[PDB]
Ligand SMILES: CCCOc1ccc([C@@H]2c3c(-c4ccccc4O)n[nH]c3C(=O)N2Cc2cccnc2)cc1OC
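Read the single chain below, which is given as structure tokens and is the form deposited without the ligand.
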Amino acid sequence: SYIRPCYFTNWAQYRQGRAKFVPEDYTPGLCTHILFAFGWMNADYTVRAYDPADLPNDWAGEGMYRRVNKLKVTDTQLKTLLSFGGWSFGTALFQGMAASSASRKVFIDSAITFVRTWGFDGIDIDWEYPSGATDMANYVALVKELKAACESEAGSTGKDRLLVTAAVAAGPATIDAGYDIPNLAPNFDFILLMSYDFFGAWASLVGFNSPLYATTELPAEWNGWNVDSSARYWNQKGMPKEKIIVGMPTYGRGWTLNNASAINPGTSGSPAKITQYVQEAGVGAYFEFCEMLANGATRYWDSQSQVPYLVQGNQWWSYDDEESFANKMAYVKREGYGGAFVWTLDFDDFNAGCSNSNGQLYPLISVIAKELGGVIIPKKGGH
């Protein structure tokens, strides 16, 4: 069966109004796995909660670990994993933790104990990114030794073995500099291919967050910066297709056009104006794009890259929608990859709150649940 993971972020609960996302916004069958972003690390490489509100506490009660893991009562196939790292975490602490067998063992033993204590079924490593010969060998050793310790703990306790996964780079230069893929593949249950953030407001070149295929609207040098090329690259380097889980974004990326009359992919811009709820210039959520379309933005379809974009005055947004998710699910099924994962639950229209919503919960993620899982996610309202 297809693997359909979804990232939960434990800070989305702090967004305002309609954007507040809590574990109780989940709906059964939407995902096969929830990856909890994030678990955290002490200076000595032992594991700690990122947020004090992850743990049982006086000001908010059960804690987000228990509230995510309680989802398994009403979604009996669901598994959960605790993810370590992410972009904001940087690399400094990973580089120190991975430096020796001794320092790796401190983290590994602590993380295994920690996920068993808090009810998670796996450990996900999101180091962004190992780079260079030392990191490359140390990352192989970390994943190898983590899997070995998980097999030992499973054999010793008789419990089902913890999963070992990683969110991994999609860019060829980053892949080649940091990942020895033939010596990682045997030790991962699967990898979460971060096949997004290809273009974004860190540069002036306007392009697509997650194009499925290249387009000749962008310079030839970019023709490998797309979901297809990245998924094939990991397979060619030795990762079995069934372990490649294709990354699906529910956010988008946007520019303020330097020239409001030049609106084609490949134009130029600075970062988009900040959006109300995501509060990060150049980033926006699907439930914000749906309102832009209701407020006069024009939707275009890029037939080469099979993704949409919208234009509102001098604002130009690359995003994903039901149609791009459909092209991409067809691709996953046609090419035989292991499934598709979502970053994030909280950027989809998770509560059908868009002013133009017909009531469908998770309009984007429900495409994955349907097309890879055969699962129909309900509409909001009375049943």
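Each residue number is its position in the shown sequence, starting from 1.
Omitted here: the form solved in complex with the ligand. The next part is about that form.
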Applying a 4.5 Å heavy atom distance criterion, does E280 contact the ligand in the deposited complex? yes
Using heavy atoms and a 4.5 Å limit, would one call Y14 a contact residue for the ligand in the deposited complex? no
Give a yes or no for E153: in the deposited complex, does one of its heavy atoms lie within 4.5 Å of a heavy atom belonging to the ligand? no
According to a 4.5 angstroms non-hydrogen atom cut-off, is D197 in contact with the ligand in the deposited complex? yes
Taking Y213, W301 and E371 as a possible spot, do all three reach the ligand in the deposited complex with a heavy atom inside 4.5 Å? no
Interface stretch in the deposited complex with the ligand - options 154-162, 233-241, 79-87, 183-191, non-hydrogen atom within 4.5 Å: 79-87
Under a 4.5 angstroms heavy atom criterion, identify the one residue in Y45, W316, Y26, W343 near the ligand in the deposited complex. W343
Using a 4.5 Å heavy atom cut-off, which residue among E145, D75, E217, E128 comes into contact with the ligand in the deposited complex? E128
